[PDB]
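Step one of this worksheet: look at the structure below.
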Amino acid sequence: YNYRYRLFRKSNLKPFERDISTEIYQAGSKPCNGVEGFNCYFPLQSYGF
Amino acid sequence: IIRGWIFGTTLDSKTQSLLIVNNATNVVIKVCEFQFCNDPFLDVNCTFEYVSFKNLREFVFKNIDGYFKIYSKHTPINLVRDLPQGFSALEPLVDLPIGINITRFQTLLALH
Ligand SMILES: *[C@@H]1O[C@H](CO)[C@@H](O[C@@H]2O[C@H](CO)[C@@H](O)[C@H](O)[C@H]2NC(C)=O)[C@H](O)[C@H]1NC(C)=O
Ligand SMILES: *[C@@H]1O[C@H](CO)[C@@H](O)[C@H](O)[C@H]1NC(C)=O
Ligand SMILES: *[C@@H]1O[C@H](CO)[C@@H](O)[C@H](O)[C@H]1NC(C)=O
């Protein structure tokens with residue numbers, strides 16, 4: 001699980017955009033405020049290699 | 001008095017930011033999260049790094065395809081305050097593949 005990717009959050013990256021951020025991902029537009037559940041989840045997903 | 005610039009989106013360690021400084025001996029550049037100067041005064045995990053009224057310094061700062069692009073010119077001037085009414089072309093300086101893109105910026109100033 002050291003190998004990781006984004007699912008969604010918001011709008012796409014621009015070409016060669018170096019994203020580094022680690023704030024909570026929205027599945028929906030709630031005030032997620034560091035709480036996971038419905039609407040809100042961790043900003044990295046990781047491979048079962 | 002003007003020593004450099006800060007560029008980014010949050011400028012506060014939530015994400016990476018571009019720092020450009022002239023230290024009188026050199027020009028020095030980094031992209032980093034942390035703020036040595038959190039506020040624009042300067043005393044008289046970084047993913048990229050680089051080194052190199054009477055006078056008017058002109059710059060164009062421009063940002064495309066993850067490159068940051070700079071053009072410049074110098075001249076002495078004699079107008080009371082304003083940019084002199086006239087024409088002279090700025091020339092390319094550097095073209096840095098930093099991968100950041102910018103919504104907000106600020107300048108840095110030397111103080112006692
Ligand atoms: C690049 O600029 C964008 C704005 O155009 C910054 O904003 C986020 O960009 C990501 C894509 O990486 C989107 O998912 C978000 O919706 C954007 N949010 C906002 C508030 O616009 C982005 O932070 C900048 N990235 C870098 C690396 O500088
Ligand atoms: C590097 O900075 C980003 C924010 O810009 C942060 O999320 C990350 O945790 C930092 N790297 C390490 C190894 O902690
Ligand atoms: C200016 O920056 C360069 C490169 O980091 C460094 O070698 C030099 O000592 C600095 N000069 C001053 C006056 O801090």
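Just so we're on the same page: first chain in the structure tokens is A, next is B, and so on; residues restart at 1 for each chain, and ligands are numbered from 1 in the order they show up.
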
>> Which residues are close to stretch 78-84 of chain B, i.e. within 10 Å by only C-alpha atoms, leaving aside same-chain residues fewer than 2 positions away? Reply as a list in words.
In response: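 Answer for this query is residues 53, 54, 55, 56, 58, 76, 86 and 87 of chain B.
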
Restricting the output to N, CA and C atoms, write the selected residues as a tab-separated table (two decimals), in the first residue's frame.
chain	number	residue	atom	x	y	z
B	53	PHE	N	14.91	55.00	-6.71
B	53	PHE	CA	14.03	55.16	-7.86
B	53	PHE	C	14.76	55.17	-9.21
B	54	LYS	N	16.06	55.48	-9.21
B	54	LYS	CA	16.85	55.79	-10.42
B	54	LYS	C	16.94	54.66	-11.45
B	55	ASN	N	16.92	53.40	-11.02
B	55	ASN	CA	16.89	52.24	-11.90
B	55	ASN	C	15.50	51.60	-11.89
B	56	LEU	N	15.00	51.30	-13.09
B	56	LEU	CA	13.78	50.57	-13.32
B	56	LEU	C	14.13	49.13	-13.67
B	58	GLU	N	12.16	45.75	-14.83
B	58	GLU	CA	10.90	45.24	-15.37
B	58	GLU	C	10.96	43.72	-15.48
B	76	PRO	N	18.21	52.72	-16.32
B	76	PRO	CA	18.06	53.98	-15.60
B	76	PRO	C	16.87	54.78	-16.16
B	86	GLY	N	6.91	55.01	-23.48
B	86	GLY	CA	7.87	54.56	-24.49
B	86	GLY	C	7.82	53.05	-24.68
B	87	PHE	N	8.87	52.51	-25.31
B	87	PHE	CA	8.95	51.10	-25.69
B	87	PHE	C	10.39	50.56	-25.63

> Neighbours of ligand 2 within 9 Å, counting only C-alpha atoms and all ligand atoms, as a ChimeraX atom specification?
Replying inline: /A:19-23 /B:12-17,32-34,45-47

I need the residues from that last selection saved to file as a PDB file, in the first residue's frame (with N, CA and C atoms), if you can.
ATOM      1  N   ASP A  19       0.535  17.930  -7.910  1.00  0.00           N
ATOM      2  CA  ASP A  19      -0.233  17.859  -6.658  1.00  0.00           C
ATOM      3  C   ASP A  19       0.543  17.118  -5.547  1.00  0.00           C
ATOM      4  N   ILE A  20       0.446  17.625  -4.319  1.00  0.00           N
ATOM      5  CA  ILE A  20       1.110  17.135  -3.095  1.00  0.00           C
ATOM      6  C   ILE A  20       0.131  17.107  -1.891  1.00  0.00           C
ATOM      7  N   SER A  21      -1.087  17.642  -2.037  1.00  0.00           N
ATOM      8  CA  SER A  21      -2.055  17.860  -0.942  1.00  0.00           C
ATOM      9  C   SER A  21      -2.582  16.580  -0.268  1.00  0.00           C
ATOM     10  N   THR A  22      -3.041  16.689   0.986  1.00  0.00           N
ATOM     11  CA  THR A  22      -3.535  15.559   1.810  1.00  0.00           C
ATOM     12  C   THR A  22      -4.780  15.900   2.649  1.00  0.00           C
ATOM     13  N   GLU A  23      -5.582  16.880   2.232  1.00  0.00           N
ATOM     14  CA  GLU A  23      -6.887  17.179   2.852  1.00  0.00           C
ATOM     15  C   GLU A  23      -7.948  16.115   2.512  1.00  0.00           C
TER      16      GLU A  23
ATOM     17  N   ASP B  12       1.046  28.580   2.905  1.00  0.00           N
ATOM     18  CA  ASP B  12       0.902  28.315   4.353  1.00  0.00           C
ATOM     19  C   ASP B  12       1.249  26.873   4.800  1.00  0.00           C
ATOM     20  N   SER B  13       2.067  26.148   4.034  1.00  0.00           N
ATOM     21  CA  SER B  13       2.359  24.715   4.220  1.00  0.00           C
ATOM     22  C   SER B  13       1.218  23.712   3.993  1.00  0.00           C
ATOM     23  N   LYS B  14      -0.033  24.106   3.703  1.00  0.00           N
ATOM     24  CA  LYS B  14      -1.063  23.127   3.273  1.00  0.00           C
ATOM     25  C   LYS B  14      -0.728  22.447   1.942  1.00  0.00           C
ATOM     26  N   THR B  15       0.058  23.118   1.104  1.00  0.00           N
ATOM     27  CA  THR B  15       0.534  22.647  -0.201  1.00  0.00           C
ATOM     28  C   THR B  15       1.816  23.389  -0.602  1.00  0.00           C
ATOM     29  N   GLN B  16       2.516  22.903  -1.623  1.00  0.00           N
ATOM     30  CA  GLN B  16       3.776  23.474  -2.095  1.00  0.00           C
ATOM     31  C   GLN B  16       3.585  24.913  -2.622  1.00  0.00           C
ATOM     32  N   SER B  17       4.628  25.734  -2.536  1.00  0.00           N
ATOM     33  CA  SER B  17       4.669  27.141  -2.956  1.00  0.00           C
ATOM     34  C   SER B  17       6.048  27.470  -3.544  1.00  0.00           C
ATOM     35  N   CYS B  32       8.661  24.823  -1.941  1.00  0.00           N
ATOM     36  CA  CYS B  32       8.614  24.306  -0.569  1.00  0.00           C
ATOM     37  C   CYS B  32       7.240  24.563   0.069  1.00  0.00           C
ATOM     38  N   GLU B  33       6.942  23.943   1.207  1.00  0.00           N
ATOM     39  CA  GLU B  33       5.737  24.235   1.986  1.00  0.00           C
ATOM     40  C   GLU B  33       5.993  25.305   3.057  1.00  0.00           C
ATOM     41  N   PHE B  34       7.047  25.130   3.864  1.00  0.00           N
ATOM     42  CA  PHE B  34       7.339  25.978   5.025  1.00  0.00           C
ATOM     43  C   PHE B  34       7.627  27.444   4.669  1.00  0.00           C
ATOM     44  N   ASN B  45      11.583  18.370   1.834  1.00  0.00           N
ATOM     45  CA  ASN B  45      10.296  18.232   1.149  1.00  0.00           C
ATOM     46  C   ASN B  45      10.097  19.280   0.031  1.00  0.00           C
ATOM     47  N   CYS B  46      11.096  20.135  -0.187  1.00  0.00           N
ATOM     48  CA  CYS B  46      11.154  21.049  -1.320  1.00  0.00           C
ATOM     49  C   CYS B  46      11.441  20.271  -2.617  1.00  0.00           C
ATOM     50  N   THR B  47      10.532  20.316  -3.592  1.00  0.00           N
ATOM     51  CA  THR B  47      10.567  19.437  -4.781  1.00  0.00           C
ATOM     52  C   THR B  47      11.387  19.976  -5.959  1.00  0.00           C
TER      53      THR B  47
END

> Between B:69, B:104, B:30, B:3, which has the minimum distance to residue B:57 (counting only C-alpha atoms)?
Replying inline: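 Closest residue, counting only C-alpha atoms: B:3.
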
> Residues within 10 Å of ligand 3 (only C-alpha atoms and all ligand atoms), as a PyMOL selection string?
Replying inline: chain B and resi 21-29+49-52

> Quick one: distance from atom CA of residue B:40 to atom 22 (C, counted along the ligand's line) of ligand 1 in Å, one decimal?
Replying inline: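 Taking atom CA of residue B:40 and atom 22 (C, counted along the ligand's line) of ligand 1, their separation equals 22.5 Å.
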
> DSSP says strand (DSSP E or B) for which residues of chain B? Put them as a count of residues only?
Replying inline: 60

>> Could you list the protein, DNA and RNA residues that have any atom within 10 Å of ligand 1, counting only C-alpha atoms and all ligand atoms, and write them as JSON, numbers by chain?
In response: {"A": [8, 9, 10, 11, 12, 13, 14, 15, 16, 17, 18, 19, 20, 21, 25], "B": [7, 8, 9, 10, 14, 15, 16, 17, 18, 66, 98, 99, 100, 101, 102, 103]}

>> With distances taken over only C-alpha atoms, which residue among B:5, B:36, B:48, B:59 lies nearest residue B:91?
In response: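 Looking at the shortest contact to residue B:91, the residue is B:59.
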
>> Rounded to one decimal, what separation in Å do you get between atom CA of residue A:5 and atom CA of residue A:45?
In response: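 Separating atom CA of residue A:5 from atom CA of residue A:45 is a distance of 5.4 Å.
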
>> Need to verify the contact set: residue A:3, 12 Å, only C-alpha atoms, exclusion of same-chain residues closer than 4 positions in sequence. Can you return it as a PyMOL selection string?
In response: chain A and resi 44-49

Mind dumping the selected residues with N, CA, C and O atoms as a PDB file, in the first residue's frame?
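Okay, again00.pdb is ready:
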ATOM      1  N   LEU A  44      -6.209   9.312  -0.495  1.00  0.00           N
ATOM      2  CA  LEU A  44      -5.382   8.312  -1.164  1.00  0.00           C
ATOM      3  C   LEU A  44      -6.012   6.936  -1.080  1.00  0.00           C
ATOM      4  O   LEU A  44      -6.463   6.496  -0.025  1.00  0.00           O
ATOM      5  N   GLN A  45      -5.948   6.232  -2.199  1.00  0.00           N
ATOM      6  CA  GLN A  45      -6.310   4.834  -2.356  1.00  0.00           C
ATOM      7  C   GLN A  45      -5.064   4.086  -2.833  1.00  0.00           C
ATOM      8  O   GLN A  45      -4.165   4.682  -3.426  1.00  0.00           O
ATOM      9  N   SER A  46      -4.929   2.812  -2.469  1.00  0.00           N
ATOM     10  CA  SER A  46      -3.641   2.117  -2.534  1.00  0.00           C
ATOM     11  C   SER A  46      -3.753   0.668  -2.996  1.00  0.00           C
ATOM     12  O   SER A  46      -4.714  -0.041  -2.692  1.00  0.00           O
ATOM     13  N   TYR A  47      -2.771   0.236  -3.782  1.00  0.00           N
ATOM     14  CA  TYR A  47      -2.847  -1.010  -4.537  1.00  0.00           C
ATOM     15  C   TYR A  47      -2.571  -2.258  -3.692  1.00  0.00           C
ATOM     16  O   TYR A  47      -1.597  -2.327  -2.944  1.00  0.00           O
ATOM     17  N   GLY A  48      -3.388  -3.293  -3.894  1.00  0.00           N
ATOM     18  CA  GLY A  48      -3.230  -4.614  -3.284  1.00  0.00           C
ATOM     19  C   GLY A  48      -2.296  -5.535  -4.071  1.00  0.00           C
ATOM     20  O   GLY A  48      -2.721  -6.597  -4.521  1.00  0.00           O
ATOM     21  N   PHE A  49      -1.050  -5.126  -4.319  1.00  0.00           N
ATOM     22  CA  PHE A  49      -0.127  -5.841  -5.212  1.00  0.00           C
ATOM     23  C   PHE A  49       0.379  -7.183  -4.644  1.00  0.00           C
ATOM     24  O   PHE A  49       1.388  -7.253  -3.932  1.00  0.00           O
TER      25      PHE A  49
END
